[PDB]
Each structure stands twice: as C-alpha cells, then as structure tokens.
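Presented below is the structure to which this report refers.
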There are 2 protein chains.
Amino acid sequence: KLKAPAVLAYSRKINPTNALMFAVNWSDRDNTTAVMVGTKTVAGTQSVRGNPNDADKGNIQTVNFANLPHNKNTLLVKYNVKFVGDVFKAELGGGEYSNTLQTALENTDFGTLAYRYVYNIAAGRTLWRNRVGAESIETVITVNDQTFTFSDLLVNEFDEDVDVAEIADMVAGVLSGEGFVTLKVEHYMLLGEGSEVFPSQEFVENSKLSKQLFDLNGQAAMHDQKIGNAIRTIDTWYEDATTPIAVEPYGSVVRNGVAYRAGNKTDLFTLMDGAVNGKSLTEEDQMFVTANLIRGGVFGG
Amino acid sequence: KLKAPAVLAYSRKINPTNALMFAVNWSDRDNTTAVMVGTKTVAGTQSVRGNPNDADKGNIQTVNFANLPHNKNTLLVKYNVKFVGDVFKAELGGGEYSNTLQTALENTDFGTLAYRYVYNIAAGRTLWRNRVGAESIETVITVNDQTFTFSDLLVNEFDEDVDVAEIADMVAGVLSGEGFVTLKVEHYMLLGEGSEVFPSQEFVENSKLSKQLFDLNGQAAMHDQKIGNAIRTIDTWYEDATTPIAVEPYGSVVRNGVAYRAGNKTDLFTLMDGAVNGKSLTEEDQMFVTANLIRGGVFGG
RNA sequence: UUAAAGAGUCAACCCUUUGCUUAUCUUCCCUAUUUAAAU
C-alpha cells in the first residue's frame, strides 16, 4: 500500500526576513528615520458581557503604540525574500515514498504558483492592516540589478500583468530545481502626518503591560512568519468561498473559526496517498499539493 | 437560537490624530509658535475632610503649567480625522451571526449618524474645558481641496445647517461601504493674553510630580482618545437625560457615577441577540446598534 | 483478682592493600488581535 513513514518532514522553501519600518516623505524618500515604540496608559469603562452591575467602575490599562512623526507623511516597509529550490527532498525519512511522490508530481505547471507568489508581494498583500487609509501604495522590487515599480490595485482576483510575469518565469525556473534567488522589497504608503502604524504583536504572560508590540533595538518591526503567511494566500482551488486563504493542511482560518477542506475527501494526506497509489489527480489538486509541499511541516503519525 | 460566538470583536472605523496646539495672533494666523510646559512649585494649605487637627500646616506641590505666550492672543489647535468604511465585517470570528446581523441591518439611514458626527466636530465640541474664556470660536475644516469655515454656536440641540449637509452626505456615502476619507480640522480660539491652557493629563503612580501633562518633544498636545470620545456623544435616543453621552455598551459615565441603559431590557448585547432571532428593532434601536458597531471593542463570552 | 512479695552487676585497639573505560547528527512548522476621555 506504500504507507508514509512515521517520521517525514519538509523544509521551508520561502524565507522572509523581519520587515523594517521607516518614516520618509513622498518627495524625499532618500533619508530615512526609525520609528520608536514607547508606552502609554489609558483609561476606560468596563463593558463586559454578563456583568451589568459593575458598569460604573473604571479601568486602567497600559499599552504600546506606534505612529509616524508629525513632520513625515510616508511609511516605508522594507524586507528581503529568498526563494530556494531542491523541492521534493525530504529531510527525515523517504526512500520510496518520496521518490514515487516526486514522479507523480513535477508534471504540474509551476508558472501559476510562481505568478501568484510574486503577485501577492507586488499587489501589496504582505503588508497587513496598515493598508487602510492609504491613497497610493508603491511597490519596488529589486532583483539581479533590475528594479521594478508597481502601483497595482485589486489585491484580490489575481489578474494579468506584464512586469509580474517577467519575475514569475524567473521564480518558476528556480522552483523546479535550481539554486537560490533573492528579492529586495520596499513598500511606500501615503497614510499622512501622525497616522498610526500597526506592527506585530506577540504572546506575553501576565506583566505590567496589556498590549506590547514587537521591536528590534527599540524599532518597530514585523515578524517573519506573519510576512510569510500573507505570501501563500493562494488557495482558490476549493468549491466556494472566494477571497482565498493560506495553503495549509486542512485549510482553516482560526480567526474566522471555520475549517475548510475538512474530512470530505479533500485533504493533503488523502491526495498524497492517492498520488502514489495508482490513480493520478487533476490540475488544481496538483497546484495545492505542490504549494503545500513548498511550505514545510511534518507529515506522519 | 444562534448565540454569539466565543470570540467576536470589531475594529475602530474612526481614526483621530493627536491634536497639536500653537500660539498665533488674531490677524496673523500664518506663522505659528510652539507652546512649552516647564515645571513649577506651588504652596498652599491642607483641606482634607474629617481631619481638622492638621489644617494649620502647609503644603508644597510640584506641578506642570502651560500658558500661551505674552506676545500672542489666539491658540490654533489642529488634527486629522479619518473615516473608513467596510462596516458590518468582524475580523474576530463570525460567519453566520455576523452575516445575520449584517442582513438585519442597513434597513435604516446612515444620514443621521453622518450628520451628527460632522456636527460634533463643526460645533467645536471636540474642544475640551479650555472652551471657556473665549468670545469667538473659529473652525476650519478641509477635505478634497475644499475648505469650510464655521462659527456656529449651540453645540447642544442639534439643529439644521446648510454647509454641514455638504459633508454629511459624503460621510453617509463612506459609512455604508467604501474606502477612506481624511479630513483636516483646525480650531482658533480667543482666550486672550497670557491665558492658561488645558492640555490632556496622564495617569501616573506616586513620584516627585503630582500632576504632569502629556507632551510630544516638549510641546503640549491631546490624546487621540480625548479627540475621538467627544465626536460620538450622539446618544439622544433613550428615555430622558438630554445633553447626551457617548455610545458605549451599558452606556455609563464614570464621572457622574450613574449607569444609563442598565439592566432594564435595554442593552446592546440584548438588542444584538434579538435582532438576529426573528423580530427586528425600531429605527432608534438600529441607530444605536450601528453607532456602537462603528466603535470598536469585543463582544462575547 | 494466677490476689499478696523480690538490686543483674563488673572488663575491652578492628586493623592492612587497589587504574573504571572506549564510541556518538536532534531534527523538521507556525497571524496574537479587539476597544477605552486623568480623578
């Protein structure tokens, strides 16, 4: 039956870095200034479901903030992304299962996956809720001593483009067996003077602060996993629910509380076992299996 | 019964900026000068109720003051207000309850909420206790390269006006779903020569200073919560108590110690449960549910 | 209530010897977000 080995895992083939935020002007984007974090204390009422009696009591909280300087009206977010090859190479286990999985795969078209991966960056999906309130977002991508500038709208409903396709074919060739390529990504906004920026939060136990933000040497930054999550939001190949989601086994959104691709014969493990055991798959299923194999994880139990 | 989910929260759709104050002249409002704070020491008596034996002793305090310079006679306070649509969309949970609430809503008119939000800024209600002492108040409101000047009195008893409608119509157009609109607000006052100003305070524990003031780089300013709270004081929609209060689940004023809209079959959570379960609400109830929904917070448990 | 009765006392060298020891891959993966006037 060629069952999967008890220990089986894959590495991460898309490596992002921690994004850095700077405050620049629209016409003076050469000189950059860092953004501090700080800490403030606020007061408010107690509006909790189930306790009408204590609605007249106060509430004191300590939080962290992040905003642009009042003399600057442009936010610049810069980071680096690395795409590496050598896909279908298990790090733990695999002497027959991995080879059969590779033979069943690699007939798929990496062009669509590569185009969507680059489009998620160029259109401006990698940057989170900071998007709102901006009248102009400019994306600058540097690779192989060749710069590209994008002002593309319509973050959803991936459309056709000429500049994105040029990087797409470059990424597609690297994905199906090559060395590595790198992309330097910069995002420019037009939020305004004194506007609020939303860096990444983190899990913290009980302390003196109720909301503390992530920072490096006191400068507001964003986690690399958050940047990576927005890149792989290309799972459009299921029955309904447009505005797609990230590619994960049992493709689920914890924030919404729903779990698509449940136990109804559409699973990563079901398709993986089916691919090696005789019958092949369709194009969309191959697109999901390859995209989920580019992402890492442990596949065994 | 379609009970609320465990996690359910909505973001804030109105974004105020930290208002900054400058000292200018009545007919020379072109050039502006910053206002400092400094530190002073004061002396007085001890007035404590219930302790008459120690009323003959002194009292020394160290505080912060802020007054406009002796060469100016007017204060200009400026900020920005951003309105963002995409209401009736919960970022924390909600696939059926949120959708049912969205379906039950938009049967009423956003025009009243849009008119009131603009009128609160226009009348000068955003200006705090420092209103007194000035015989003339001016407001300059700028949006889409179109400036308007306001000198309207009677902040209470919302009346009809012509220029307010030309902004309220667009605000009603942004509230029921589209992108962002940013407005710039400036206020001119006539306190006089050497009059003391009243910037925002902070919550601080025991230290050498008994009362300090919020300032950015040595310049007195106001918290964004102070700016945003005065705008939403539109709740003229219950049994009594004219001169309304701000919208809040179990709307209470900790300053007065009384809790309006208490457990008397009029609660925001009760209206949310009732609207989705068959029988709808009245126009005023919808105008309160929507007003509380525009404001952020978490509703669940 | 097998009731009634009764001095165990004295004295002491445990000494001597010792090699524990050789080899080693912990790997893969990840959205913490949602607000509020200083008493």
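As shown in the structure tokens, the chain order sets the letters A, B, ...; within each chain, residues go from 1, and ligands are also counted from 1 in the order they appear.
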
_After fitting chain B to chain A over every Cα pair taken in order, the RMSD_ =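 Result of the CA superposition: 0.4 Å.
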
*asked:* Could you list, as a list in words, every residue within 8 Å of residue 219 of chain B, counting only C-alpha atoms (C1' of nucleotides) and ignoring same-chain residues fewer than 4 positions away?
replied: residues 20, 21, 34, 35, 36, 37 and 215 of chain B

Tell me, counting only C-alpha atoms (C1' of nucleotides), for each residue of chain C within 8 Å of chain B, which pair of atoms is nearest and how far apart they are in Å to one decimal, in rows ordered by chain and increasing number, as a tab-separated table.
residue	atom	partner	partner_atom	distance
C:33	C1'	B:92	CA	7.9
C:34	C1'	B:9	CA	5.2
C:35	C1'	B:297	CA	3.7
C:36	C1'	B:225	CA	7.5
C:37	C1'	B:226	CA	4.7
C:38	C1'	B:201	CA	5.3

Prev. selection, N, CA, C and O atoms (P, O5', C5', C4', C3', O3' and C1' of nucleotides), output as a PDB file, in the first residue's frame:
ATOM      1  P     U C  33      -0.897  39.182  15.083  1.00  0.00           P
ATOM      2  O5'   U C  33      -2.102  40.199  14.876  1.00  0.00           O
ATOM      3  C5'   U C  33      -2.618  40.944  15.972  1.00  0.00           C
ATOM      4  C4'   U C  33      -4.123  41.013  15.934  1.00  0.00           C
ATOM      5  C3'   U C  33      -4.724  42.321  16.443  1.00  0.00           C
ATOM      6  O3'   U C  33      -5.881  42.644  15.676  1.00  0.00           O
ATOM      7  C1'   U C  33      -5.559  40.518  17.723  1.00  0.00           C
ATOM      8  P     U C  34      -6.242  44.180  15.371  1.00  0.00           P
ATOM      9  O5'   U C  34      -7.818  44.240  15.582  1.00  0.00           O
ATOM     10  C5'   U C  34      -8.476  43.244  16.348  1.00  0.00           C
ATOM     11  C4'   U C  34      -9.484  43.844  17.293  1.00  0.00           C
ATOM     12  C3'   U C  34      -9.041  45.087  18.044  1.00  0.00           C
ATOM     13  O3'   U C  34      -9.155  46.263  17.265  1.00  0.00           O
ATOM     14  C1'   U C  34     -10.097  43.573  19.536  1.00  0.00           C
ATOM     15  P     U C  35      -8.586  47.661  17.814  1.00  0.00           P
ATOM     16  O5'   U C  35      -9.838  48.323  18.542  1.00  0.00           O
ATOM     17  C5'   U C  35      -9.691  49.513  19.306  1.00  0.00           C
ATOM     18  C4'   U C  35     -10.958  49.853  20.051  1.00  0.00           C
ATOM     19  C3'   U C  35     -10.792  50.873  21.171  1.00  0.00           C
ATOM     20  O3'   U C  35     -11.952  51.697  21.260  1.00  0.00           O
ATOM     21  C1'   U C  35     -11.559  48.808  22.070  1.00  0.00           C
ATOM     22  P     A C  36     -11.796  53.297  21.233  1.00  0.00           P
ATOM     23  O5'   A C  36     -11.988  53.728  22.755  1.00  0.00           O
ATOM     24  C5'   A C  36     -13.287  53.770  23.337  1.00  0.00           C
ATOM     25  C4'   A C  36     -13.241  53.636  24.841  1.00  0.00           C
ATOM     26  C3'   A C  36     -12.653  54.827  25.593  1.00  0.00           C
ATOM     27  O3'   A C  36     -13.321  54.948  26.848  1.00  0.00           O
ATOM     28  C1'   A C  36     -11.393  52.898  26.081  1.00  0.00           C
ATOM     29  P     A C  37     -13.475  56.383  27.554  1.00  0.00           P
ATOM     30  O5'   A C  37     -12.300  56.400  28.630  1.00  0.00           O
ATOM     31  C5'   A C  37     -12.068  57.530  29.458  1.00  0.00           C
ATOM     32  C4'   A C  37     -11.216  58.554  28.755  1.00  0.00           C
ATOM     33  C3'   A C  37     -10.415  59.491  29.644  1.00  0.00           C
ATOM     34  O3'   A C  37      -9.216  58.910  30.129  1.00  0.00           O
ATOM     35  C1'   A C  37     -11.529  60.749  27.995  1.00  0.00           C
ATOM     36  P     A C  38      -8.148  59.803  30.935  1.00  0.00           P
ATOM     37  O5'   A C  38      -7.651  58.852  32.113  1.00  0.00           O
ATOM     38  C5'   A C  38      -6.284  58.813  32.492  1.00  0.00           C
ATOM     39  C4'   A C  38      -5.991  59.761  33.628  1.00  0.00           C
ATOM     40  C3'   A C  38      -6.819  59.582  34.892  1.00  0.00           C
ATOM     41  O3'   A C  38      -6.336  58.532  35.715  1.00  0.00           O
ATOM     42  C1'   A C  38      -6.737  61.875  34.315  1.00  0.00           C
TER      43        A C  38
END

*asked:* So that I can see what lies close to residue 25 of chain A, please list as a PyMOL selection string the residues with an atom at most 8 Å from it, counting only C-alpha atoms (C1' of nucleotides) and leaving out residues fewer than 2 positions away in the same chain.
replied: chain A and resi 23+27-29+72-74

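The coordinates place atom CA of residue 103 of chain A at 16.3 Å from atom CA of residue 288 of chain A.
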
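Comparing the minimum interatomic distances between chain B and each of A:87, A:191, A:153, A:75, counting only C-alpha atoms, we find that A:191 sits nearest.
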
Using only C-alpha atoms, find each residue of chain A with at least one atom at most 6 Å away from an atom of chain B; report its shortest atom-to-atom pair and that distance in Å (one decimal), sort the rows by chain and rising residue number, and return the result as a Markdown table.
| residue | atom | partner | partner_atom | distance |
| --- | --- | --- | --- | --- |
| A:47 | CA | B:249 | CA | 5.7 |
| A:56 | CA | B:254 | CA | 5.4 |
| A:133 | CA | B:180 | CA | 5.4 |
| A:255 | CA | B:92 | CA | 5.5 |
| A:256 | CA | B:93 | CA | 4.1 |
| A:257 | CA | B:93 | CA | 5.8 |

Convert the current residue selection to file output with N, CA, C and O atoms, as an mmCIF file, in the first residue's frame.
data_model
loop_
_atom_site.group_PDB
_atom_site.id
_atom_site.type_symbol
_atom_site.label_atom_id
_atom_site.label_comp_id
_atom_site.auth_asym_id
_atom_site.auth_seq_id
_atom_site.Cartn_x
_atom_site.Cartn_y
_atom_site.Cartn_z
ATOM 1 N N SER A 47 -17.074 47.344 29.847
ATOM 2 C CA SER A 47 -18.180 46.827 29.045
ATOM 3 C C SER A 47 -17.900 45.351 28.783
ATOM 4 O O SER A 47 -17.245 44.994 27.801
ATOM 5 N N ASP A 56 -20.337 50.969 36.268
ATOM 6 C CA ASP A 56 -19.910 52.278 36.745
ATOM 7 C C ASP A 56 -18.470 52.283 37.237
ATOM 8 O O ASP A 56 -17.982 53.324 37.690
ATOM 9 N N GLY A 133 -6.457 53.499 4.793
ATOM 10 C CA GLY A 133 -6.116 54.897 4.933
ATOM 11 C C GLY A 133 -5.041 55.400 3.995
ATOM 12 O O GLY A 133 -4.613 56.552 4.135
ATOM 13 N N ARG A 255 -8.976 32.609 12.839
ATOM 14 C CA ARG A 255 -9.657 33.856 13.169
ATOM 15 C C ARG A 255 -11.155 33.759 12.907
ATOM 16 O O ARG A 255 -11.964 34.202 13.729
ATOM 17 N N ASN A 256 -11.544 33.182 11.770
ATOM 18 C CA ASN A 256 -12.954 33.021 11.442
ATOM 19 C C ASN A 256 -13.604 31.848 12.162
ATOM 20 O O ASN A 256 -14.836 31.796 12.241
ATOM 21 N N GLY A 257 -12.814 30.914 12.685
ATOM 22 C CA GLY A 257 -13.344 29.766 13.386
ATOM 23 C C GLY A 257 -13.825 28.635 12.504
ATOM 24 O O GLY A 257 -14.312 27.628 13.032
#

*Who sits within 8 Å of residue 125 of chain A, only C-alpha atoms (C1' of nucleotides), same chain under 2 positions skipped, as number ranges by chain*: A: 120-123, 127-128, 155, 230-231

Deliver the residues from the most recent selection as a file, using C-alpha atoms, as an mmCIF file, in the first residue's frame.
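Resulting contents of part.cif:
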data_model
loop_
_atom_site.group_PDB
_atom_site.id
_atom_site.type_symbol
_atom_site.label_atom_id
_atom_site.label_comp_id
_atom_site.auth_asym_id
_atom_site.auth_seq_id
_atom_site.Cartn_x
_atom_site.Cartn_y
_atom_site.Cartn_z
ATOM 1 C CA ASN A 120 0.946 38.594 -3.514
ATOM 2 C CA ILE A 121 4.043 40.741 -2.936
ATOM 3 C CA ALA A 122 3.658 43.185 -5.838
ATOM 4 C CA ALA A 123 -0.039 43.930 -5.273
ATOM 5 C CA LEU A 127 1.704 44.357 4.463
ATOM 6 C CA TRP A 128 -1.258 43.931 6.831
ATOM 7 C CA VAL A 155 -5.327 42.822 -4.242
ATOM 8 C CA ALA A 230 0.386 36.656 3.561
ATOM 9 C CA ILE A 231 2.576 35.456 0.676
#

Step one, run DSSP on the backbone; step two, keep only residues of segment 140-301 of chain B assigned to strand (DSSP E or B); then write them as a PDB file with C-alpha atoms, in the first residue's frame.
ATOM      1  CA  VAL B 140     -11.537  75.417   9.551  1.00  0.00           C
ATOM      2  CA  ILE B 141     -12.369  72.036   8.012  1.00  0.00           C
ATOM      3  CA  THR B 142     -10.593  70.874   4.851  1.00  0.00           C
ATOM      4  CA  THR B 147     -12.235  74.403   2.845  1.00  0.00           C
ATOM      5  CA  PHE B 148     -15.137  75.434   5.068  1.00  0.00           C
ATOM      6  CA  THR B 149     -15.258  77.934   7.926  1.00  0.00           C
ATOM      7  CA  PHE B 150     -17.571  77.528  10.916  1.00  0.00           C
ATOM      8  CA  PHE B 180     -11.198  56.022   3.328  1.00  0.00           C
ATOM      9  CA  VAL B 181     -11.793  59.760   3.608  1.00  0.00           C
ATOM     10  CA  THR B 182      -9.456  62.056   5.535  1.00  0.00           C
ATOM     11  CA  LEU B 183     -10.361  65.496   6.905  1.00  0.00           C
ATOM     12  CA  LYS B 184      -8.135  68.198   8.418  1.00  0.00           C
ATOM     13  CA  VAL B 185      -9.584  70.173  11.343  1.00  0.00           C
ATOM     14  CA  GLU B 186      -8.227  73.393  12.853  1.00  0.00           C
ATOM     15  CA  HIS B 187      -9.675  75.455  15.703  1.00  0.00           C
ATOM     16  CA  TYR B 188      -8.993  79.100  16.550  1.00  0.00           C
ATOM     17  CA  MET B 189      -9.874  80.471  19.984  1.00  0.00           C
ATOM     18  CA  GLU B 196      -3.610  79.317  30.770  1.00  0.00           C
ATOM     19  CA  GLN B 201      -3.273  64.756  31.517  1.00  0.00           C
ATOM     20  CA  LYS B 211       0.252  66.199  38.137  1.00  0.00           C
ATOM     21  CA  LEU B 213       0.774  66.893  31.292  1.00  0.00           C
ATOM     22  CA  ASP B 215       3.545  66.448  25.623  1.00  0.00           C
ATOM     23  CA  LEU B 216       5.411  65.343  22.496  1.00  0.00           C
ATOM     24  CA  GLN B 219       5.062  70.531  23.038  1.00  0.00           C
ATOM     25  CA  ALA B 220       1.684  70.200  24.742  1.00  0.00           C
ATOM     26  CA  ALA B 221      -0.850  68.044  22.885  1.00  0.00           C
ATOM     27  CA  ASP B 235     -26.983  59.252  22.242  1.00  0.00           C
ATOM     28  CA  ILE B 245     -23.458  60.960  26.366  1.00  0.00           C
ATOM     29  CA  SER B 252     -22.310  54.815  31.687  1.00  0.00           C
ATOM     30  CA  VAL B 253     -20.460  57.936  32.813  1.00  0.00           C
ATOM     31  CA  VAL B 258     -24.567  56.700  37.150  1.00  0.00           C
ATOM     32  CA  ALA B 259     -25.055  53.899  34.613  1.00  0.00           C
ATOM     33  CA  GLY B 297     -14.424  46.581  21.162  1.00  0.00           C
ATOM     34  CA  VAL B 298     -15.007  42.905  21.855  1.00  0.00           C
TER      35      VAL B 298
END

*asked:* Please compute the atom CA of residue 106 of chain B-atom CA of residue 157 of chain B distance, one decimal, in Å.
replied: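 Between atom CA of residue 106 of chain B and atom CA of residue 157 of chain B the gap works out to 26.2 Å.
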
*Out of segment 193-291 of chain B, which residues get helix (DSSP H, G or I) from DSSP, as a PyMOL selection string?*
chain B and resi 224-231+268-276+283-291

Using the selection just defined, write its residues with C-alpha atoms as a CSV table (one decimal), in the first residue's frame.
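Generated output (selection25.csv):
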chain,number,residue,atom,x,y,z
B,224,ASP,CA,-6.4,60.8,20.5
B,225,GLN,CA,-8.9,59.2,22.8
B,226,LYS,CA,-10.0,62.6,24.0
B,227,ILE,CA,-10.5,63.8,20.5
B,228,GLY,CA,-12.4,60.7,19.5
B,229,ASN,CA,-14.7,60.5,22.5
B,230,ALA,CA,-16.3,63.9,22.1
B,231,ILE,CA,-17.3,63.1,18.5
B,268,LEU,CA,-26.6,46.5,23.3
B,269,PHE,CA,-26.0,42.8,23.7
B,270,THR,CA,-29.7,42.1,24.2
B,271,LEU,CA,-30.5,44.0,21.0
B,272,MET,CA,-27.9,42.0,19.1
B,273,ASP,CA,-29.5,38.8,20.2
B,274,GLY,CA,-33.0,40.0,19.5
B,275,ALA,CA,-32.3,41.4,16.0
B,276,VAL,CA,-31.0,38.2,14.6
B,283,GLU,CA,-35.2,52.9,13.9
B,284,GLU,CA,-33.7,54.3,17.1
B,285,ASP,CA,-32.5,50.8,18.2
B,286,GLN,CA,-30.8,50.3,14.8
B,287,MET,CA,-29.3,53.8,15.1
B,288,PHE,CA,-27.8,52.7,18.5
B,289,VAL,CA,-26.6,49.3,17.4
B,290,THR,CA,-24.9,50.7,14.3
B,291,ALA,CA,-23.4,53.5,16.4

_Residues near segment 111-114 of chain B, anyone? I mean within 10 Å using only C-alpha atoms (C1' of nucleotides), not counting same-chain ones fewer than 5 positions away, as a ChimeraX atom specification._
/B:119,164-165,167-175,232,234,287-288,290-291

Produce a file of the selected residues containing N, CA, C and O atoms, as a PDB file, in the first residue's frame.
ATOM      1  N   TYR B 119     -21.393  67.290  12.757  1.00  0.00           N
ATOM      2  CA  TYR B 119     -21.816  68.416  13.583  1.00  0.00           C
ATOM      3  C   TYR B 119     -21.024  68.494  14.880  1.00  0.00           C
ATOM      4  O   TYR B 119     -20.732  69.596  15.356  1.00  0.00           O
ATOM      5  N   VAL B 164     -23.104  71.899   6.681  1.00  0.00           N
ATOM      6  CA  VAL B 164     -22.893  70.603   7.317  1.00  0.00           C
ATOM      7  C   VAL B 164     -23.390  69.476   6.423  1.00  0.00           C
ATOM      8  O   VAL B 164     -22.787  68.397   6.382  1.00  0.00           O
ATOM      9  N   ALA B 165     -24.487  69.701   5.697  1.00  0.00           N
ATOM     10  CA  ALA B 165     -25.028  68.680   4.808  1.00  0.00           C
ATOM     11  C   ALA B 165     -24.065  68.312   3.687  1.00  0.00           C
ATOM     12  O   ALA B 165     -23.987  67.135   3.319  1.00  0.00           O
ATOM     13  N   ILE B 167     -21.021  67.918   3.759  1.00  0.00           N
ATOM     14  CA  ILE B 167     -20.039  66.947   4.231  1.00  0.00           C
ATOM     15  C   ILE B 167     -20.723  65.685   4.743  1.00  0.00           C
ATOM     16  O   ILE B 167     -20.212  64.575   4.564  1.00  0.00           O
ATOM     17  N   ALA B 168     -21.890  65.848   5.371  1.00  0.00           N
ATOM     18  CA  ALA B 168     -22.627  64.710   5.905  1.00  0.00           C
ATOM     19  C   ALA B 168     -23.090  63.768   4.804  1.00  0.00           C
ATOM     20  O   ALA B 168     -23.152  62.554   5.019  1.00  0.00           O
ATOM     21  N   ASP B 169     -23.425  64.300   3.626  1.00  0.00           N
ATOM     22  CA  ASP B 169     -23.805  63.438   2.513  1.00  0.00           C
ATOM     23  C   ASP B 169     -22.662  62.532   2.072  1.00  0.00           C
ATOM     24  O   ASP B 169     -22.900  61.359   1.766  1.00  0.00           O
ATOM     25  N   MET B 170     -21.432  63.049   2.033  1.00  0.00           N
ATOM     26  CA  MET B 170     -20.286  62.216   1.690  1.00  0.00           C
ATOM     27  C   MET B 170     -19.937  61.252   2.819  1.00  0.00           C
ATOM     28  O   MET B 170     -19.515  60.119   2.560  1.00  0.00           O
ATOM     29  N   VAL B 171     -20.099  61.684   4.072  1.00  0.00           N
ATOM     30  CA  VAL B 171     -19.834  60.786   5.194  1.00  0.00           C
ATOM     31  C   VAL B 171     -20.822  59.623   5.202  1.00  0.00           C
ATOM     32  O   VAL B 171     -20.442  58.476   5.473  1.00  0.00           O
ATOM     33  N   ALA B 172     -22.096  59.888   4.911  1.00  0.00           N
ATOM     34  CA  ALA B 172     -23.054  58.806   4.737  1.00  0.00           C
ATOM     35  C   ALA B 172     -22.686  57.908   3.565  1.00  0.00           C
ATOM     36  O   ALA B 172     -23.004  56.714   3.588  1.00  0.00           O
ATOM     37  N   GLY B 173     -22.022  58.458   2.544  1.00  0.00           N
ATOM     38  CA  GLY B 173     -21.555  57.650   1.433  1.00  0.00           C
ATOM     39  C   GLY B 173     -20.341  56.802   1.741  1.00  0.00           C
ATOM     40  O   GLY B 173     -20.108  55.804   1.051  1.00  0.00           O
ATOM     41  N   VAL B 174     -19.562  57.171   2.756  1.00  0.00           N
ATOM     42  CA  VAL B 174     -18.395  56.371   3.110  1.00  0.00           C
ATOM     43  C   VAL B 174     -18.727  55.377   4.218  1.00  0.00           C
ATOM     44  O   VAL B 174     -18.059  54.345   4.340  1.00  0.00           O
ATOM     45  N   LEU B 175     -19.742  55.670   5.035  1.00  0.00           N
ATOM     46  CA  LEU B 175     -20.091  54.767   6.125  1.00  0.00           C
ATOM     47  C   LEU B 175     -20.658  53.448   5.615  1.00  0.00           C
ATOM     48  O   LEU B 175     -20.337  52.389   6.166  1.00  0.00           O
ATOM     49  N   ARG B 232     -18.462  61.109  19.363  1.00  0.00           N
ATOM     50  CA  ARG B 232     -19.504  60.088  19.399  1.00  0.00           C
ATOM     51  C   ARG B 232     -20.561  60.343  20.470  1.00  0.00           C
ATOM     52  O   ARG B 232     -21.340  59.435  20.789  1.00  0.00           O
ATOM     53  N   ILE B 234     -23.631  61.282  20.794  1.00  0.00           N
ATOM     54  CA  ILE B 234     -24.831  61.468  19.989  1.00  0.00           C
ATOM     55  C   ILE B 234     -26.023  60.682  20.514  1.00  0.00           C
ATOM     56  O   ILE B 234     -27.022  60.550  19.800  1.00  0.00           O
ATOM     57  N   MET B 287     -30.185  52.668  15.021  1.00  0.00           N
ATOM     58  CA  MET B 287     -29.255  53.788  15.089  1.00  0.00           C
ATOM     59  C   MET B 287     -28.349  53.744  16.312  1.00  0.00           C
ATOM     60  O   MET B 287     -27.341  54.459  16.340  1.00  0.00           O
ATOM     61  N   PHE B 288     -28.679  52.937  17.319  1.00  0.00           N
ATOM     62  CA  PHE B 288     -27.787  52.724  18.450  1.00  0.00           C
ATOM     63  C   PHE B 288     -26.881  51.519  18.236  1.00  0.00           C
ATOM     64  O   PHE B 288     -25.690  51.568  18.566  1.00  0.00           O
ATOM     65  N   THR B 290     -25.888  50.305  15.299  1.00  0.00           N
ATOM     66  CA  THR B 290     -24.892  50.700  14.308  1.00  0.00           C
ATOM     67  C   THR B 290     -23.860  51.655  14.897  1.00  0.00           C
ATOM     68  O   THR B 290     -22.664  51.534  14.602  1.00  0.00           O
ATOM     69  N   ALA B 291     -24.300  52.606  15.725  1.00  0.00           N
ATOM     70  CA  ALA B 291     -23.373  53.537  16.355  1.00  0.00           C
ATOM     71  C   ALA B 291     -22.376  52.832  17.262  1.00  0.00           C
ATOM     72  O   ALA B 291     -21.193  53.186  17.254  1.00  0.00           O
TER      73      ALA B 291
END

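Minimum atom-to-atom distances from B:209, B:156, B:151, B:105 to residue 40 of chain B were compared using only C-alpha atoms, and the lowest value belongs to B:209.
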